[PDB]
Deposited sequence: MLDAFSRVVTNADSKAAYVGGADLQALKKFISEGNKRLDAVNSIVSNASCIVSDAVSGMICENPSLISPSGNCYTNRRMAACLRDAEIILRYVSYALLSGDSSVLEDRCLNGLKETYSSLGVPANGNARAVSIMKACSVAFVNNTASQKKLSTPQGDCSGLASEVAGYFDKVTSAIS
């Protein structure tokens, strides 16, 4: 998993067995990623909606989510961030996330006028979502709090970066 980041990578069978031998808690890690990514749409829309209801002027004529072009771009960004975080959880580290997603992003938003406070709230909601799905708050019952804190840390890196 690095040739992707345009043929898709397929990892099953022996390749999946070895993958799970090469990462911390492979089975639980894949359940956590499954539960975030399978709920990604609801996470994205719930986080953007919460950012907006907390600050309605974002969709006023002077807000950065006004017009469909901007609303769509914002939902897109929230989904991009969520997917890079999910890949960071899949791979058990934040290198691709920081370099290919976060490196240079804050200055870009500063150039565009994308408000820091709204992004902060949106990311915080996506974090609360992912932690709640990893801790389940379909799989065998047990303790997934380690992976939950890991993904929490990847969100915290996003928050620090932008």
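Counting from residue 1 of the deposited sequence, where are the gaps with no C-alpha coordinates? Sequence ranges with no C-alpha atoms are 1 to 4, 10 to 13, 146 to 151, 177.
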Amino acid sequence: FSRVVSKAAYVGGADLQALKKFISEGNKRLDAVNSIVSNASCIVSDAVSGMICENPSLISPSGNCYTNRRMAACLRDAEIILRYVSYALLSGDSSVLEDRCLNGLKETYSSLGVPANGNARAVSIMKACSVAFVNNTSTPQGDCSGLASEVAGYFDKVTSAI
From here on, numbers count along this sequence of modelled residues.
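On average, are the C-alpha B-factors higher in 31 to 39 or in 55 to 63? Comparing 31 to 39 with 55 to 63, the higher mean C-alpha B-factor belongs to 55 to 63.
Segment of higher mean CA temperature factor, 40 to 48 or 95 to 103: Higher mean C-alpha B-factor: 95 to 103.
For the listed 68, 135, 110, 119, which has the peak Cα B-factor recorded in the PDB entry? Highest C-alpha B-factor among the listed residues goes to 110.
Within-chain third of residue 72 by Cα B-factor, per the entry: Tercile = middle for this residue's CA B-factor.
CA B-factor ranking of residue 25, expressed as a third of its chain: For residue 25, whose C-alpha B-factor we compare with every modelled residue in the chain, the answer is the middle third.
Can you tell me whether residue 18 has a C-alpha B-factor in the lowest, middle or highest third compared with the other modelled residues of the same chain? As the PDB entry reports it, the C-alpha B-factor of residue 18 lands in the highest third of its chain.
Against its chain's modelled residues, does residue 9's Cα B factor rank lowest, middle or highest third? For residue 9, the deposited C-alpha B-factor lands in the lowest third.
Going by the recorded CA B-factors, say which third of the chain residue 128 sits in, lowest, middle or highest. As the PDB entry reports it, the C-alpha B-factor of residue 128 lands in the middle third of its chain.
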